[PDB]
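For reference, upload24.txt is printed below; it contains compact mmCIF, C-alpha atoms and all ligand atoms.
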```
# COMPACT_ATOMS: atom_id res chain seq x y z
CA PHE A 604 13.98 22.26 2.85
CA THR A 605 13.92 19.19 5.10
CA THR A 606 14.39 19.05 8.89
CA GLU A 607 18.03 18.15 9.57
CA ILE A 608 18.54 15.93 12.63
CA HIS A 609 21.85 15.72 14.50
CA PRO A 610 23.21 12.12 14.81
CA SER A 611 23.55 12.54 18.60
CA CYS A 612 19.72 12.57 18.78
CA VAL A 613 19.32 9.17 17.05
CA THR A 614 19.81 5.68 18.52
CA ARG A 615 19.66 2.63 16.22
CA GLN A 616 18.33 -0.39 18.15
CA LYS A 617 17.48 -3.26 15.77
CA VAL A 618 17.69 -4.06 12.04
CA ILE A 619 14.21 -4.53 10.57
CA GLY A 620 14.90 -4.44 6.81
CA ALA A 621 17.09 -3.49 3.84
CA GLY A 622 17.36 -0.26 1.81
CA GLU A 623 18.74 0.23 -1.71
CA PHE A 624 22.27 0.72 -0.32
CA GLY A 625 21.98 0.44 3.47
CA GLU A 626 19.70 -1.02 6.17
CA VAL A 627 16.47 -0.13 7.96
CA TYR A 628 16.46 0.11 11.75
CA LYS A 629 13.99 0.53 14.54
CA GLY A 630 15.32 3.24 16.85
CA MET A 631 14.62 6.21 19.12
CA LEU A 632 14.70 9.97 18.45
CA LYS A 633 15.26 12.63 21.12
CA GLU A 640 12.14 10.27 23.13
CA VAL A 641 9.95 8.82 20.37
CA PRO A 642 10.27 5.54 18.39
CA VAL A 643 11.30 5.94 14.76
CA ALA A 644 12.15 3.96 11.67
CA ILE A 645 15.54 4.75 10.12
CA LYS A 646 16.78 4.00 6.60
CA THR A 647 20.52 4.44 5.93
CA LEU A 648 22.63 5.10 2.85
CA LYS A 649 26.09 3.64 3.47
CA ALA A 650 29.53 4.63 2.16
CA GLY A 651 30.10 3.96 -1.54
CA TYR A 652 26.67 5.06 -2.73
CA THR A 653 26.47 6.39 -6.28
CA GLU A 654 25.25 9.80 -7.42
CA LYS A 655 21.97 8.27 -8.63
CA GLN A 656 21.46 6.58 -5.26
CA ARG A 657 22.07 9.86 -3.42
CA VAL A 658 19.66 11.77 -5.67
CA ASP A 659 16.98 9.08 -5.26
CA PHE A 660 17.51 8.83 -1.47
CA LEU A 661 17.36 12.56 -0.67
CA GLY A 662 14.64 13.02 -3.32
CA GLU A 663 12.42 10.50 -1.52
CA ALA A 664 13.00 12.30 1.77
CA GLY A 665 12.22 15.67 0.17
CA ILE A 666 8.85 14.46 -1.15
CA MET A 667 7.96 12.86 2.18
CA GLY A 668 8.79 16.07 4.05
CA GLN A 669 6.54 18.25 1.87
CA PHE A 670 3.50 15.91 2.05
CA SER A 671 1.21 16.28 5.09
CA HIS A 672 -1.64 13.76 5.31
CA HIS A 673 -3.01 11.39 7.98
CA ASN A 674 -2.72 8.39 5.62
CA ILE A 675 0.83 9.06 4.32
CA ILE A 676 3.95 8.13 6.30
CA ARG A 677 5.35 11.17 8.15
CA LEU A 678 9.00 12.22 7.96
CA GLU A 679 10.70 13.20 11.23
CA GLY A 680 13.82 14.40 9.40
CA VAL A 681 17.05 13.57 7.57
CA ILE A 682 20.75 13.22 8.34
CA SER A 683 22.51 14.51 5.23
CA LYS A 684 25.51 16.36 6.72
CA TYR A 685 27.03 13.27 8.37
CA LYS A 686 27.57 9.71 7.12
CA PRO A 687 25.87 7.32 6.91
CA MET A 688 22.96 9.43 5.66
CA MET A 689 19.58 8.62 7.19
CA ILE A 690 15.86 9.08 6.56
CA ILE A 691 13.92 9.09 9.85
CA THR A 692 10.17 8.43 9.91
CA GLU A 693 7.40 7.77 12.41
CA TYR A 694 7.40 4.17 13.63
CA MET A 695 4.33 2.11 12.73
CA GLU A 696 3.96 -0.48 15.48
CA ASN A 697 1.95 -3.08 13.54
CA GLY A 698 4.18 -3.12 10.45
CA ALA A 699 3.19 -4.03 6.90
CA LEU A 700 -0.52 -4.58 6.22
CA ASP A 701 -0.15 -7.82 4.23
CA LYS A 702 1.72 -9.63 7.01
CA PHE A 703 -0.48 -8.05 9.69
CA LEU A 704 -3.73 -9.34 8.14
CA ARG A 705 -2.31 -12.85 7.62
CA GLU A 706 -1.32 -12.96 11.29
CA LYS A 707 -4.74 -11.64 12.44
CA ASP A 708 -6.98 -13.72 10.17
CA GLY A 709 -10.68 -13.24 10.95
CA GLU A 710 -10.05 -10.91 13.93
CA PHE A 711 -11.67 -7.70 12.62
CA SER A 712 -15.17 -6.50 11.81
CA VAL A 713 -16.23 -5.66 8.28
CA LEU A 714 -16.50 -2.01 9.38
CA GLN A 715 -12.87 -2.08 10.59
CA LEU A 716 -11.68 -3.60 7.30
CA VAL A 717 -13.63 -1.04 5.24
CA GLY A 718 -12.23 1.71 7.49
CA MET A 719 -8.71 0.54 6.54
CA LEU A 720 -9.58 0.85 2.86
CA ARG A 721 -11.05 4.34 3.30
CA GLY A 722 -7.76 5.48 4.88
CA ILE A 723 -5.68 4.00 2.08
CA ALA A 724 -7.99 5.59 -0.51
CA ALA A 725 -7.70 9.00 1.20
CA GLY A 726 -3.90 8.80 1.14
CA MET A 727 -3.91 7.78 -2.53
CA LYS A 728 -6.34 10.59 -3.43
CA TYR A 729 -3.89 13.04 -1.84
CA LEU A 730 -0.87 11.55 -3.66
CA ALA A 731 -2.72 11.54 -7.01
CA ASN A 732 -3.81 15.16 -6.68
CA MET A 733 -0.24 16.13 -5.68
CA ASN A 734 0.74 14.54 -9.04
CA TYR A 735 2.51 11.54 -7.47
CA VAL A 736 2.08 8.13 -9.11
CA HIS A 737 2.94 5.27 -6.73
CA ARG A 738 3.46 2.43 -9.26
CA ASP A 739 3.72 -0.24 -6.53
CA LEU A 740 0.53 0.04 -4.48
CA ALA A 741 0.04 -3.25 -2.62
CA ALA A 742 -0.74 -4.25 0.97
CA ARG A 743 3.01 -4.99 1.43
CA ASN A 744 3.65 -1.23 1.00
CA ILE A 745 1.01 -0.07 3.52
CA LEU A 746 1.87 0.35 7.22
CA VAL A 747 -0.46 0.04 10.22
CA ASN A 748 -0.22 1.90 13.55
CA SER A 749 -1.70 1.14 16.98
CA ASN A 750 -4.90 3.05 16.09
CA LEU A 751 -5.37 0.69 13.06
CA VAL A 752 -4.62 3.67 10.80
CA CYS A 753 -3.20 2.59 7.45
CA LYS A 754 -0.55 4.77 5.81
CA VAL A 755 0.91 4.58 2.35
CA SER A 756 4.66 3.85 2.25
CA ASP A 757 7.13 2.22 -0.18
CA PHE A 758 9.79 -0.45 0.47
CA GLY A 759 10.84 -0.92 -3.17
CA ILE A 779 7.05 -5.09 -12.43
CA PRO A 780 4.82 -6.59 -9.65
CA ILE A 781 2.61 -8.15 -12.31
CA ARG A 782 -0.42 -9.25 -10.30
CA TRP A 783 -0.97 -5.75 -8.82
CA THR A 784 -0.37 -3.83 -12.06
CA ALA A 785 -2.92 -2.47 -14.54
CA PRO A 786 -2.86 -3.90 -18.11
CA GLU A 787 -1.67 -0.66 -19.76
CA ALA A 788 1.22 -0.39 -17.29
CA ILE A 789 2.30 -3.96 -18.08
CA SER A 790 1.80 -3.71 -21.85
CA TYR A 791 3.21 -0.27 -22.68
CA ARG A 792 4.53 1.18 -19.39
CA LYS A 793 1.71 3.70 -18.92
CA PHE A 794 1.74 4.39 -15.17
CA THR A 795 -0.85 6.91 -13.96
CA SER A 796 -3.21 7.53 -11.05
CA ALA A 797 -5.63 5.28 -13.00
CA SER A 798 -3.16 2.36 -12.94
CA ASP A 799 -2.86 3.03 -9.19
CA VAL A 800 -6.69 2.64 -9.01
CA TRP A 801 -6.37 -0.85 -10.53
CA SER A 802 -3.80 -1.64 -7.84
CA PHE A 803 -6.13 -0.25 -5.19
CA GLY A 804 -8.77 -2.75 -6.36
CA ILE A 805 -6.26 -5.54 -5.74
CA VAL A 806 -5.53 -4.03 -2.29
CA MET A 807 -9.29 -4.09 -1.54
CA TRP A 808 -9.28 -7.83 -2.34
CA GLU A 809 -6.16 -8.34 -0.19
CA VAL A 810 -7.76 -6.62 2.81
CA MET A 811 -11.14 -8.39 2.55
CA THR A 812 -9.41 -11.83 2.24
CA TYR A 813 -6.96 -11.14 5.13
CA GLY A 814 -3.93 -11.16 2.83
CA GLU A 815 -4.70 -13.91 0.33
CA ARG A 816 -2.20 -13.93 -2.55
CA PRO A 817 -3.89 -12.40 -5.65
CA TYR A 818 -4.61 -15.11 -8.26
CA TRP A 819 -3.36 -17.76 -5.82
CA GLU A 820 -0.74 -20.05 -7.45
CA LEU A 821 -1.27 -18.82 -11.04
CA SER A 822 1.97 -17.85 -12.77
CA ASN A 823 2.54 -14.27 -13.96
CA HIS A 824 1.85 -15.26 -17.58
CA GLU A 825 -1.29 -17.17 -16.55
CA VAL A 826 -2.48 -14.02 -14.73
CA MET A 827 -1.85 -11.75 -17.73
CA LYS A 828 -3.61 -14.20 -20.07
CA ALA A 829 -6.61 -14.55 -17.71
CA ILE A 830 -7.07 -10.79 -17.33
CA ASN A 831 -6.78 -10.24 -21.10
CA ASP A 832 -9.55 -12.82 -21.59
CA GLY A 833 -11.82 -11.13 -19.05
CA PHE A 834 -11.17 -13.08 -15.82
CA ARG A 835 -11.40 -11.10 -12.57
CA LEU A 836 -10.80 -12.16 -8.98
CA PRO A 837 -13.98 -13.65 -7.39
CA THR A 838 -15.80 -12.33 -4.32
CA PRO A 839 -13.97 -12.75 -0.97
CA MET A 840 -15.86 -14.59 1.76
CA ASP A 841 -18.13 -12.34 3.86
CA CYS A 842 -17.68 -9.41 1.45
CA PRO A 843 -20.28 -6.57 1.23
CA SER A 844 -21.88 -6.39 -2.20
CA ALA A 845 -21.01 -2.66 -2.45
CA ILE A 846 -17.32 -3.40 -1.79
CA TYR A 847 -17.09 -6.17 -4.40
CA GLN A 848 -18.87 -3.92 -6.92
CA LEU A 849 -16.31 -1.17 -6.26
CA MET A 850 -13.24 -3.39 -6.66
CA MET A 851 -14.68 -4.75 -9.96
CA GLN A 852 -14.99 -1.18 -11.30
CA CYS A 853 -11.33 -0.58 -10.36
CA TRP A 854 -10.51 -3.47 -12.75
CA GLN A 855 -12.09 -2.08 -15.92
CA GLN A 856 -9.82 -2.78 -18.90
CA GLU A 857 -10.54 0.72 -20.22
CA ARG A 858 -8.63 3.16 -18.00
CA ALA A 859 -11.21 5.92 -18.47
CA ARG A 860 -14.01 3.73 -17.06
CA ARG A 861 -12.31 3.25 -13.68
CA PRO A 862 -13.37 5.41 -10.71
CA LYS A 863 -11.06 8.22 -9.64
CA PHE A 864 -9.72 8.12 -6.07
CA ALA A 865 -12.15 10.99 -5.38
CA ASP A 866 -15.03 8.66 -6.28
CA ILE A 867 -13.62 5.80 -4.19
CA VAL A 868 -13.18 7.97 -1.06
CA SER A 869 -16.73 9.33 -1.49
CA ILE A 870 -18.31 5.87 -1.83
CA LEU A 871 -16.37 4.36 1.08
CA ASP A 872 -17.20 7.34 3.31
CA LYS A 873 -20.92 6.97 2.54
CA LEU A 874 -20.85 3.22 3.24
CA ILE A 875 -19.12 3.73 6.60
CA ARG A 876 -21.49 6.52 7.65
CA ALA A 877 -24.52 4.31 6.87
CA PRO A 878 -23.04 0.99 8.05
CA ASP A 879 -26.19 -1.10 7.46
CA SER A 880 -25.23 -0.68 3.78
CA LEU A 881 -22.42 -3.19 4.45
CA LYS A 882 -24.74 -5.92 5.75
CA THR A 883 -25.77 -7.00 2.23
CA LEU A 884 -23.16 -9.56 1.10
CA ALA A 885 -22.07 -10.62 -2.38
CA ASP A 886 -22.64 -14.32 -3.07
CA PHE A 887 -19.54 -16.40 -2.30
CA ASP A 888 -18.72 -19.06 -4.92
CA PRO A 889 -17.46 -22.11 -2.93
CA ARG A 890 -14.71 -24.17 -4.56
CA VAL A 891 -15.60 -27.21 -2.44
CA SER A 892 -19.09 -28.24 -1.31
CA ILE A 893 -19.53 -30.62 1.63
CA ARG A 894 -22.83 -32.52 1.72
CA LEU A 895 -24.16 -33.62 5.13
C1 LIG B 1 7.71 -1.82 10.92
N1 LIG B 1 7.32 -0.44 11.08
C2 LIG B 1 7.78 0.53 10.28
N2 LIG B 1 7.39 1.80 10.54
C3 LIG B 1 7.82 2.76 9.73
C4 LIG B 1 8.67 2.49 8.65
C5 LIG B 1 9.17 3.47 7.76
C6 LIG B 1 10.05 3.11 6.76
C7 LIG B 1 10.56 4.14 5.80
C8 LIG B 1 10.03 4.25 4.51
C9 LIG B 1 10.61 5.12 3.58
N3 LIG B 1 10.09 5.46 2.32
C10 LIG B 1 8.77 5.58 1.97
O1 LIG B 1 7.85 5.42 2.77
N4 LIG B 1 8.57 6.00 0.70
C11 LIG B 1 7.25 6.35 0.21
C12 LIG B 1 6.86 7.75 0.59
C13 LIG B 1 5.54 8.29 -0.01
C14 LIG B 1 4.34 7.40 0.30
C15 LIG B 1 5.28 9.66 0.61
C16 LIG B 1 5.66 8.46 -1.52
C17 LIG B 1 11.73 5.84 3.96
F1 LIG B 1 12.27 6.70 3.07
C18 LIG B 1 12.33 5.67 5.18
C19 LIG B 1 11.76 4.80 6.10
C20 LIG B 1 12.43 4.62 7.44
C21 LIG B 1 10.32 1.72 6.57
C22 LIG B 1 11.27 1.28 5.49
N5 LIG B 1 9.90 0.79 7.41
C23 LIG B 1 9.06 1.15 8.44
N6 LIG B 1 8.61 0.16 9.26
```

Represent the structure of the file as structure tokens.
Amino acid sequence: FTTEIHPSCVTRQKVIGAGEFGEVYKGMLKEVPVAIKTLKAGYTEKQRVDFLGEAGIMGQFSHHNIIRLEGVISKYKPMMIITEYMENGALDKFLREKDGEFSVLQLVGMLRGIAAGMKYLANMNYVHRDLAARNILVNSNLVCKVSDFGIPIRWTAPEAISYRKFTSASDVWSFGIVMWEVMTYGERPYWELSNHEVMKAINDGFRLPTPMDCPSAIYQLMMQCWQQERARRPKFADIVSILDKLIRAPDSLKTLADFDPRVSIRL
């Protein structure tokens, strides 16, 4: 079952995005701010199954680091999925607009939240397939929650690219990329390299270099997420455990990995 909301309780205020066959609005629910995704007239059977299926999954999950469902409008048209509203929006854009404004402890806290959400999804037998900072939302407490706005080569594990093997372990690879995104304040993974250049580089053993001002322990962890051999990657359980220990003994984060400068200025 999913909480059914009457349309009279919902007010759409502004368009903030696009759905698969409909739009996404900021609005109010009788009052609390909400995000609202619509499915407009003409939708196919597949679209309806996918839309209500997504809502169903969201309504069963209950975790601090997973987007919360307020409810669904299924009995009237257009159909709607209504979620909590995350005031700071998508993590990738947020970090790029707030470059350098957070402490290392705050950044690592973000990652621990994301990891906790992913551990929950993985153990509930849900494989994300598109984990990236663009699909993480941020609220006014700086809490990060896993979402999905709809192959993204540079986030995807080799086995998922090569033979379509998507698992919690391919999500761990992606999480490594997300760690690099957070610690660089939203740098594009692999910079201007083309998709084929990225795939070639990874196959030949290249990995993203240390971010600036990055704790050694954090760089070590993201490198383990990028083991070629799936079985050698940490589980989300391991990641949550390590990040929790680092945060609870925060002097552990004061030791930095060496940053490899591209340009050296001699004065
Ligand atoms: C800008 N703030 C904000 N806050 C909250 C927002 C919530 C949504 C949202 C997102 C989804 N879907 C969605 O989050 N799917 C993944 C769910 C899972 C992690 C449990 C597997 C949805 F079905 C409906 C809506 C309204 C979207 C598309 N945008 C949002 N934007």

Checklist entry - ligand LIG 1 (chain B): which residues are within 8 Å, counting only C-alpha atoms and all ligand atoms, as a VMD selection string? => result chain A and resid 619 to 622 627 to 629 643 to 646 660 663 to 664 666 to 667 670 675 to 678 690 to 699 730 735 737 746 to 747 754 to 758

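Among the candidate residues A:841, A:739, A:654, A:787, the one lying nearest to residue A:799 is A:739, with distances computed using all atoms listed in the file.
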
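Every protein or nucleic acid residue with an atom no more than 8 Å from residue A:725, counting all atoms listed in the file and leaving out same-chain residues fewer than 6 positions away, appears here: residues 674, 864 and 868 of chain A.
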
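Candidate residues A:812, A:892, A:869, A:802 were compared for distance to residue A:855, and the nearest is A:802, using only C-alpha atoms.
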
Checklist entry - Using all atoms listed in the file, which residues sit within 9 Å of residue A:795 once same-chain residues fewer than 5 positions away are excluded, as a ChimeraX atom specification? => result /A:731,735-738,788,800

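Proximity of A:720, A:785, A:682, A:874 to residue A:801, computed with all atoms listed in the file, is greatest for A:785.
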
Would you list the residues near (24.8, 6.7, 1.5), meaning any protein, DNA or RNA residue with an atom at most 7 Å from that point in file coordinates, counting all atoms listed in the file, as a tab-separated table (two decimals) with C-alpha atoms, keeping the file's coordinate frame?
```tsv
chain	number	residue	atom	x	y	z
A	624	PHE	CA	22.27	0.72	-0.32
A	647	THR	CA	20.52	4.44	5.93
A	648	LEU	CA	22.63	5.10	2.85
A	649	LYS	CA	26.09	3.64	3.47
A	650	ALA	CA	29.53	4.63	2.16
A	651	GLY	CA	30.10	3.96	-1.54
A	652	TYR	CA	26.67	5.06	-2.73
A	657	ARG	CA	22.07	9.86	-3.42
A	686	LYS	CA	27.57	9.71	7.12
A	687	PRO	CA	25.87	7.32	6.91
A	688	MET	CA	22.96	9.43	5.66
```

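With atom CA of residue A:719 on one side and atom CA of residue A:865 on the other, the separation reads 16.2 Å.
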
Next on the checklist: Which polymer residues, whether protein, DNA or RNA, lie within 7 Å of the coordinate (17.0, 12.8, 10.3) when you count only C-alpha atoms? List them as a PyMOL selection string, using the chain letters and numbers from the file.
Outcome noted: chain A and resi 606-608+679-682+689-691

Quick one: residues within 12 Å of residue A:851, all atoms listed in the file counted, chain neighbours fewer than 2 positions away excluded, as a compact mmCIF listing (two decimals) with C-alpha atoms, keeping the file's coordinate frame?
```txt
# COMPACT_ATOMS: atom_id res chain seq x y z
CA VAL A 800 -6.69 2.64 -9.01
CA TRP A 801 -6.37 -0.85 -10.53
CA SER A 802 -3.80 -1.64 -7.84
CA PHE A 803 -6.13 -0.25 -5.19
CA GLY A 804 -8.77 -2.75 -6.36
CA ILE A 805 -6.26 -5.54 -5.74
CA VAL A 806 -5.53 -4.03 -2.29
CA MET A 807 -9.29 -4.09 -1.54
CA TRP A 808 -9.28 -7.83 -2.34
CA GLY A 833 -11.82 -11.13 -19.05
CA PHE A 834 -11.17 -13.08 -15.82
CA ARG A 835 -11.40 -11.10 -12.57
CA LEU A 836 -10.80 -12.16 -8.98
CA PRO A 837 -13.98 -13.65 -7.39
CA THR A 838 -15.80 -12.33 -4.32
CA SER A 844 -21.88 -6.39 -2.20
CA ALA A 845 -21.01 -2.66 -2.45
CA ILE A 846 -17.32 -3.40 -1.79
CA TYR A 847 -17.09 -6.17 -4.40
CA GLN A 848 -18.87 -3.92 -6.92
CA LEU A 849 -16.31 -1.17 -6.26
CA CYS A 853 -11.33 -0.58 -10.36
CA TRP A 854 -10.51 -3.47 -12.75
CA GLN A 855 -12.09 -2.08 -15.92
CA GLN A 856 -9.82 -2.78 -18.90
CA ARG A 860 -14.01 3.73 -17.06
CA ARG A 861 -12.31 3.25 -13.68
CA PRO A 862 -13.37 5.41 -10.71
```

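Between atom CA of residue A:618 and atom CA of residue A:810 there is a distance of 27.2 Å.
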
Item to check | Contact residues around residue A:718 with all atoms listed in the file at 12 Å, ignoring same-chain residues under 4 positions, as a ChimeraX atom specification | outcome: /A:674,711-714,722-725,750-753,807,810-811,846,868,870-876,878,881

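One finds atom CA of residue A:700 at 12.9 Å from atom CA of residue A:816.
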
Item to check | Polymer residues at most 12 Å from stretch 821-825 of chain A, only C-alpha atoms, same-chain spacing of 3 or more positions, as number ranges by chain | outcome: A: 779-784, 789, 816-818, 828-832, 834, 836

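The residue that comes closest to residue A:745, out of A:842, A:717, A:704, A:631 and on the basis of all atoms listed in the file, is A:704.
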
Checklist entry - From the set A:715, A:683, A:605, A:616, which residue has the shortest atom-to-atom contact distance to residue A:665, counting all atoms listed in the file? => result A:605
